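**Q** Let me see the structure of the following:
(chains A and B)
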There are 2 protein chains.
Amino acid sequence: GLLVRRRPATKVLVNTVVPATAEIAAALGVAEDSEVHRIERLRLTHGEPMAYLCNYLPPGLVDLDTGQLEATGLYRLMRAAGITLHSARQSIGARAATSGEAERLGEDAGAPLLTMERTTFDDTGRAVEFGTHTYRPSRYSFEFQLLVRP
Amino acid sequence: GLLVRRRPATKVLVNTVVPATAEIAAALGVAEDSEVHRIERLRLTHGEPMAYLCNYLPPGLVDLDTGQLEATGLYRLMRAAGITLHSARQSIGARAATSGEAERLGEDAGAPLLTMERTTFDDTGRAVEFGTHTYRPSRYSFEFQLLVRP
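**A** Residues are numbered from 1 along each chain as shown, chains lettered A, B, ... in the order given. Below is the structure in question.
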């Protein structure tokens, strides 16, 4: 079996409620146009922008107060509200940035970005969080160790 | 603790012996300019190029016959020669492709590529393999599941 070990400042840009598109509904297992929470954060290191984090949560899970979010990570907050985080599904990829995300991060439109999409589930196998993220490749990379564990 | 589960055709382009640069020596724990094996593979899916794989092995580990390499994966071959693979260190990133890798893969110079670097160690904690890879982001992504395991 394969065990894993993974090898900044946060500013909230969006804290809203929104109807689920098909992609979001699919990820979270809710109905299209049902309401979900949309959060957007910029993460900076040494005052420079590192990553752009968009997250979607299903209704009635957590109190999403902007501010709490600038203090601690989203997972810590969720556990704090007594959500159990049991697994996550992840895909890591790369894209040319469109004008929007290129601006938010301080980069030219078309410049390569590191992307990742994640869905997080609880004890009962329900999606609890869906994230769609971009990272400045000159500023960030996914670092981990894989271990064969008896 | 965090367990992990991961969610083509191969053509050998280079099978050679080469002096270690500082980067390669560092990864593998050998001396600069000491000799290492350099392998290069193109992986294709449906006859289209998916990834460009450069690997370096320290001397006297495996018989690296081109051909065997078009049949099976590099890890299987190494285990086959009785190497124990115990862990690996990985970093995943993104780059604009330079003319070289852009050509090899069928892409314009500057087009975003998915990159990954990996070092693999055996039972005794020695590097056994160092890989430096590129992936066409429209053709590939890193897919996995993370599990909290009692």
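
**Q** need the residues of chain A near chain B, please.
**A** For chain A, the contact set with chain B under C-beta under 8 Å from any C-beta of the partner chain comprises A:1-5, A:7, A:85-96, A:111-115, A:135, A:137, A:140-148. Backbone N, C-alpha and C define where each C-beta goes, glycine included.

**Q** So residue A:12, which state does it fall into?
**A** strand (DSSP: H, G, I helix; E, B strand; the rest coil).

**Q** and the gap between the residue nearest to it when sequence neighbours are not counted and residue A:38?
**A** Among residues not flanking residue A:12 along the chain, residue A:66 sits closest, at 4.5 Å (C-beta to C-beta, 6 or more residues apart in numbering or on different chains). Distance, residue A:66 to residue A:38, by C-beta to C-beta, to the nearest Å: 12 Å.

**Q** With residue A:59 instead?
**A** The gap separating residue A:59 from residue A:38 is 12 Å, by C-beta to C-beta.

**Q** And residue A:1, by the same measure?
**A** 36 Å.

**Q** between those two, who's got more neighbours?
**A** residue A:38 (18 against 11; other C-beta atoms under 10 Å in any protein chain shown).

**Q** hmm, back to that, overlap in contacts of residue A:66 and residue A:38?
**A** Any residue near both residue A:66 and residue A:38 by C-beta atoms under 8 Å, 6 or more residues apart in numbering or on different chains counts here, and that gives residue A:15.

**Q** what about the residue nearest to residue A:12, how many residues close to it?
**A** 13.

**Q** Can you tell me the SS state at it?
**A** coil.

**Q** Geometric centre of chain A: which residue is closest?
**A** residue A:131 (3.4 Å; C-alpha atoms, centre = their mean).

**Q** could you list every residue that touches it?
**A** Here residue A:131 is in contact with A:53, A:54, A:55, A:56, A:116, A:117, A:118, A:119, A:120 (C-beta under 8 Å, 6+ apart).

**Q** what bridges to the last one?
**A** When bridges are assigned using DSSP bridges, the partners listed for residue A:120 are residue A:88, residue A:129.

**Q** How about the first one?
**A** Beta-bridge partners recorded for residue A:53 (DSSP bridges): residue A:41, residue A:133.

**Q** Isn't it up against residue A:38?
**A** No - look at residue A:53 against residue A:38 with C-beta atoms under 8 Å: they stay out of range, at 11.3 Å.

**Q** rewinding a little: how far away is the residue nearest to the centre of chain A from chain B?
**A** 13 Å (C-beta to the nearest C-beta, to the nearest Å).

**Q** now residue A:71
**A** Taken as C-beta to the nearest C-beta, the span from residue A:71 to chain B is 24 Å.

**Q** do the same with residue A:127
**A** Here the criterion is C-beta to the nearest C-beta. By it, residue A:127 lies 13 Å from chain B.

**Q** which residue ranges form the strands in chain A?
**A** Secondary structure of chain A (DSSP state E): strands at A:2-6, A:9-19, A:35-45, A:48-57, A:87-96, A:112-121, A:127-135, A:142-148.
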